[PDB]
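If you want the building blocks of each chain, they are given just below.
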Amino acid sequence: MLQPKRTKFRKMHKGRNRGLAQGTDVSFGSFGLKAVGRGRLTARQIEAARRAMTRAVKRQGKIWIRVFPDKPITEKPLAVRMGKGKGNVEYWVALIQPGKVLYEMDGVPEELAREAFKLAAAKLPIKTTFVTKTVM
Amino acid sequence: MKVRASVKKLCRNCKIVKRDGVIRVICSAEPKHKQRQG
Amino acid sequence: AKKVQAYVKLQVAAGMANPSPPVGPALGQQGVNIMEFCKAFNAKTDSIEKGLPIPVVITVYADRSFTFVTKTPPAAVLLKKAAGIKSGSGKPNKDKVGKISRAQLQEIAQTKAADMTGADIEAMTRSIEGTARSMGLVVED
Amino acid sequence: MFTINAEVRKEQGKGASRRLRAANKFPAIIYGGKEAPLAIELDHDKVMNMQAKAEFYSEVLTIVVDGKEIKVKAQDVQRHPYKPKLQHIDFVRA
RNA sequence: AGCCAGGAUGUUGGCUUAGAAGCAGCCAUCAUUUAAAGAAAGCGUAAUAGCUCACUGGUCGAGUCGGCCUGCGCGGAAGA
């Protein structure tokens, strides 16, 4: 599980998730798993999907996780009233918008990249698509 | 048979048929591949 | 031979007679005789040289048991008779386990012409060196 | 070797461009050299199947606008974020 | 797409081969007469074997195959 090594403040406000994404082209690799839905992704979903990919295209290839969590999500325990402070940091999510290339892959044929990205897009909560490295 | 909400062709003899508004997978090779309700 | 009518191919190293541990009733399930691997088969084995299994066609007729003629020496123990260690291949091609001189394969390939596919010497030369590719046997050029 | 038939955009801004992409076209511009920049509207499907090739981004293109021919080169393409379609293309004269 | 034909040899390739002789195993994964063929893609064995196919010929006489972008729909869908 991914999590920043050392923050600056422990608890972040909710804020909103509007507009489109910045990481949009397949930059590092050759094939990409790009988001279409909005959503947000916990570190467990990123790890689950990465294990599905790494298993699927065996220890050949090279995989880039282009998103990183760095946003702490706090929850209140059970049978605790409202108020009395902000909750506790339970997990860490990355906020996703439509357009984020969530993962990249290189060093495989396209048909294995289709296969691993299908296998791993079923571990994520957002609708997802397959993209290739377009040249300009 | 298997009532699932994803019905798929598990074999190359499996065959998707819609009967009475129900998607089904009829196989001839293996009757374990018989499925309903996709 | 004909349509498949009770002929199979099975034994182990035929320096001895009638292998009881390895196969046994595998040569007794069909109409193939138990006795005709013991005396007359070794009578037809001593015509060239012993110490080789023979995958052979045994066409069981309405005669006593059958009639048999051994035809070809197979290339498994012919490519194991001088190859390297006596244990086996395992993973032979990713390293250098065996090595075979190609002149003796040119003369054995020049001998064997019944149970092959080829009409030229060079056409069937590297086929048996394809069996050297099988057990990882590095040919010495 | 590519010939891309174009028209001149009499309207511009985000209203007119988004109206222009719902009608299965997309805006573009031809700038470079000493001339004024030229606002251009392009059919979408022709240019999309055309840019699926690699030579679209390397070879000299020819754009036919008002019965002229401007030999341009595809400078920079804005693509839609999550759909296989185009927002806009910058064409530098050549 | 149907229908009529062919689809092998070293190849028991050695296996920890107790039986694997393409079939509970791993490395290999070659080369040829040949339009064409995998040391076997599916089943299958006490065990070879048994078939079908991957590919090619004939019959057939006009479309067919699979992706993409989309509109509307189907299933997923159980409560007093």
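Higher on the page you've got the structure.
My aim in this report is to walk through the structure given alongside it, one point at a time. (Residues numbered from 1 in each chain as written, not as in the entry; some residues may be left out. Chains lettered and ligands numbered in written order. Part of a larger assembly, values for the part shown. Heavy atoms only, no water.)

**Considerations on the overall build of chain B**
And step 1. Summing up its helical and strand segments, chain B has zero helices and four strands in all.
And step 2. Ordered by position from N to C terminus, the α and β elements of chain B give β-β-β-β.
And step 3. Expressed along its principal axes, the backbone C-alpha trace of chain B runs to roughly 25 × 15 × 15 Å.
And step 4. Counting only residues that meet the buried cut, chain B has 26% of its 38 residues in that class. (Helix = DSSP H or I, 4+ residues; strand = E, 2+ residues; numbered from the N terminus. Buried < 20%, exposed > 50% of the residue type's maximum accessible area, 1.4 Å probe, protein only.)

**A look at the sheet that holds strand β2 (residues 40–42) of chain A**
All names here are of chain A.
And step 1. A sheet is described by the order of its strands in space; here three strands give the open sequence β2-β5-β4, paired in antiparallel fashion. Where the open sheet ends on each side, the last strands, each with one partner, are β2 and β4 (72–75). Within this sheet the neighbouring strands show an average axis-to-axis angle of 45 degrees, counted without direction.
And step 2. Taken together, the four bridges between β4 and strand β5 (residues 88–95) define a ladder with antiparallel strand orientation. When the sheet's bridge partners are listed, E75 is paired in β5 with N88. (Pairing = 2+ DSSP bridges. Axes fitted to C-alpha atoms, helices over the stretch in contact; angles between N-to-C directions.)

**Topic: the protein's contact with RNA strand E**
Residues and elements named next belong to chain C.
And step 1. Close contacts around RNA strand E come from 43 residues, with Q29, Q30, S127, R133 and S134 the closest.
And step 2. The sugar-phosphate backbone supplies 56% of the atoms of RNA strand E found within 4 Å of the protein.
And step 3. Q30 is positioned such that a nitrogen or oxygen atom in its side chain is 2.3 Å from a base oxygen of RNA strand E.
And step 4. Between RNA strand E and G118, the relevant distance is 3.5 Å, taken from a base oxygen to a main-chain nitrogen or oxygen of the residue.
And step 5. Looking at the surface near RNA strand E, the element that brings in the most residues is helix α4 (residues 125–134), giving six residues.
And step 6. The residue makeup of the surface near RNA strand E, split by class, is 18 nonpolar, 16 polar and nine charged. (Near = heavy atom within 4 Å. Polar contact = N/O pair within 3.5 Å; in protein donor to acceptor, adjacent residues only side chain to side chain. Nonpolar A, V, L, I, M, F, W, Y, C, P; charged D, E, K, R; others polar.)

**A closer look at the state of the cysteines**
All names here are of chain B.
And step 1. Evaluated as defined, the whole model comprises one disulfide over all chains.
And step 2. Here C11 connects covalently by a disulfide to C14, the sulfurs 2.2 Å from one another. Because the torsion about its S-S bond is 120 degrees, the bridge between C11 and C14 counts as right-handed.
And step 3. Residue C27 stays outside any disulfide, its sulfur separated by 3.3 Å from that of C11, the closest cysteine. (Disulfide = S-S within 2.5 Å.)

**Quick look at the packing of aromatic side chains**
And step 1. This model, assessed by the stated rule, comprises eight aromatic pairs over all chains.
And step 2. Centre to centre, the rings of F28(A) and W64(A) are 6.3 Å apart; their planes meet at 20 degrees, and the pair counts as stacked. Highlighted residues: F28(A) in the segment before β1 (31–35) and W64(A) in strand β3 (residues 62–65), separated in sequence by 36 residues.
And step 3. Ring geometry for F37(C) against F41(C): centres 5.8 Å apart, planes inclined by 55 degrees, an arrangement best described as tilted.
And step 4. In this structure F37(C) comes out as buried when scored by relative accessible area, which is 7%.
And step 5. When the ring centre of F130(A) is taken as reference, the NZ or CZ atom of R114(A) above it lies at 4.5 Å. (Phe/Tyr/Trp six-rings, centres within 6.5 Å; stacked < 30°, edge-to-face > 60°. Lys NZ or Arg CZ within 6 Å of the ring centre and 35° of its normal.)

**Digging into the pattern of salt bridges**
Residues and elements named next belong to chain A.
And step 1. Within the structure shown, the criterion is met by eight salt bridges over all chains.
And step 2. Residues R51 and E47 are paired through a salt bridge, measuring 2.9 Å at the closest nitrogen-oxygen approach. Linking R51 with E47, this pair stays in helix α1 (residues 43–56), spanning four residues, or about one helical turn.
And step 3. Residue classification places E47 among the buried positions, given a relative accessible area of 13%.
And step 4. Among the salt bridges present, the one from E104 reaches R66, with a minimum N-O distance of 2.4 Å. (Salt bridge = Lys/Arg side-chain N within 4 Å of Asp/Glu carboxyl O.)

**Some details on unusual backbone geometry**
And step 1. Backbone geometry places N18(C), a non-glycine residue, at a positive phi of 60 degrees.
And step 2. Relative to the assigned elements, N18(C) resides in the segment before α1 (40–43).
And step 3. According to the relative accessible area criterion, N18(C) is partly exposed, its value standing at 31%.
And step 4. At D66(D), a residue that is not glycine, the phi angle is positive and equals roughly 55 degrees.
And step 5. Tracing the backbone through its elements, the reader meets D66(D) in the loop between β4 (61–65) and β5 (70–79).

**Considerations on the arrangement of the chains**
And step 1. Chain A shows no contact with chain B. Their nearest C-alpha atoms sit 13 Å apart.
And step 2. Taking C-alpha atoms only, the smallest gap left between chain B and chain C, which are not in contact, amounts to 26 Å. (Contact = heavy atoms within 4.5 Å.)

**With respect to the layout of surface pockets**
And step 1. Roughly 560 Å³ of volume is contained in the largest pocket.
And step 2. Forming the boundary of the largest pocket are 24 residues, of which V131(A), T132(A), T134(A), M48(D) and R79(D) lie nearest the centre.
And step 3. Where the lining of the largest pocket is concerned, the elements lending two or more residues are β7 (128–132) of chain A together with α2 (44–51) of chain D.
And step 4. With four residues, β7(A) is the largest single contributor of residues to the lining of the largest pocket.
And step 5. Among the residues forming the lining of the largest pocket, the class breakdown is 11 nonpolar, six polar and seven charged.
And step 6. What lines the second largest pocket is a set of 18 residues, among which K9(C), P55(C), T72(C), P74(C) and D115(C) lie closest to the centre.
And step 7. Ranked by the residues each element gives to the lining of the second largest pocket, the list is headed by α4(C), at three residues.
And step 8. Counted by class, the lining of the second largest pocket contains 11 nonpolar, three polar and four charged residues.
And step 9. Viewed by domain, the lining of the second largest pocket spans two of them, domain 1 (7–71) and domain 2 (72–140) of chain C, each represented by three or more residues. (1 Å grid on protein atoms, 1.4 Å probe; cavity = no way out; pocket = protein on both sides within 12 Å on 5 of 7 lines; lining within 4 Å. Points joined across faces, edges and corners; volume = space filled by probe spheres on them. Domains from an automatic or database assignment.)

Scope: geometric values only; no functional claims are made or implied.
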